[PDB]
């Protein structure tokens, strides 16, 4: 068939419009090049690009047949010769996630302004969650080289408007993420284990102060780890098991891991904490990888030292690389989630580095930042919706 014709149906949605249009078109000599339909809040748009002989596209039959059928039932239709029109839309370059509790119109409005200000076309908006936070995705087409300035502008909007805003690559490769690592303390697990260990020694305040210093990036991780573990010298080793029994997962942690298993992620933890605590939990959560430090014990008592090599800032990244290589996963398809300056090198080496309720030092260099205390918001950044999570959980 020589020429192209475009038919556009819009109006209040009704059952059977789709079948009716194509059945009408089948009386004329029509082959399909592209069909796009959606219904949003009971508004239908059905756009159909077809080719037929110049013969049929130029004679009044096709028009009257389509116009009559669509208008009888109360919808509107347009028909027009195309020829230079695109057959099929381009893929979006990027996708932007906005999470908030609440998301004000002012905040979403500020996101749309920076987007427009940078020449970025909004291709599609949809909802990705109503719980535990309101979540919205904008798929976008970003002019080459603008993607740095876009994150920068949307990071300012994020801090000024009290929403999380993550800009990510939406190409085929970059978005088949297949491996994830979590930091443990204040990421996967609530609070700081080394503080729970220090309270047994009557030293919580000293250890808490040094931990907060080190997590904000003010102190060398290794020196800080040694001063803090030193505080535990003389505790009986039974303390490890007691503190392991007290640990609470971050809210949403179980849904996060269970959803990531459904997706076939390899799953791991990289910690500056202690293996005898973390393994207990990592076996329970069926994780595929653990890197941790190790407490020194003599005669069933903690010496206050660790048994090197110390997992430090560089060490976390080294651990992720080791895991990615054992698993067969290129670094571009890896994800890392952490809260502390401890995590900066790991987050930067990962394909996507997510700062979870993080100190400013990590937040400043992270690909994306999450501010709400629900570890499952990570799933929204991995392209999963709340409805998808709930359906899959309800099957069992």
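Residue numbers count along the first chain shown, from 1.
**Q** Which is higher on mean Cα B factor in this entry, 343 to 351 or 358 to 366?
**A** Higher mean C-alpha B-factor: 358 to 366.
**Q** Of the two stretches 227 to 235 and 119 to 127, which shows the higher Cα B-factor on average in the entry?
**A** Comparing 227 to 235 with 119 to 127, the higher average CA B-factor belongs to 227 to 235.
**Q** Which listed residue, 309, 272, 135, 268, has the largest C-alpha temperature factor in the record?
**A** Across 309, 272, 135, 268, the entry lists the biggest C-alpha B-factor for 309.
**Q** So among 316, 216, 258, 94, who wins on Cα B-factor in the entry?
**A** Across 316, 216, 258, 94, the entry lists the biggest C-alpha B-factor for 216.
**Q** Thinking about Cα B factors across the chain, which third does residue 391 belong to?
**A** Ranked within chain, residue 391 CA B lands in the middle tercile.
**Q** Using the B-factors in the PDB entry, rank residue 76's C-alpha atom against the chain and give the third, lowest, middle or highest.
**A** For residue 76, whose C-alpha B-factor we compare with every modelled residue in the chain, the answer is the middle third.
**Q** Based on the entry's values, in what third of the chain does the Cα temperature factor of residue 139 lie: lowest, middle or highest?
**A** Lowest third, going by the recorded CA B-factors of the chain.
**Q** Among the modelled residues of its chain, does the C-alpha B-factor of residue 90 lie in the lowest, middle or highest third?
**A** It belongs to the middle third of the chain when residues are ordered by C-alpha B-factor.
**Q** By the record's CA B-factor, is residue 323 among the lowest, middle or highest third of residues in the chain?
**A** Middle third - that is where residue 323 ends up once the chain's C-alpha B-factors are sorted.
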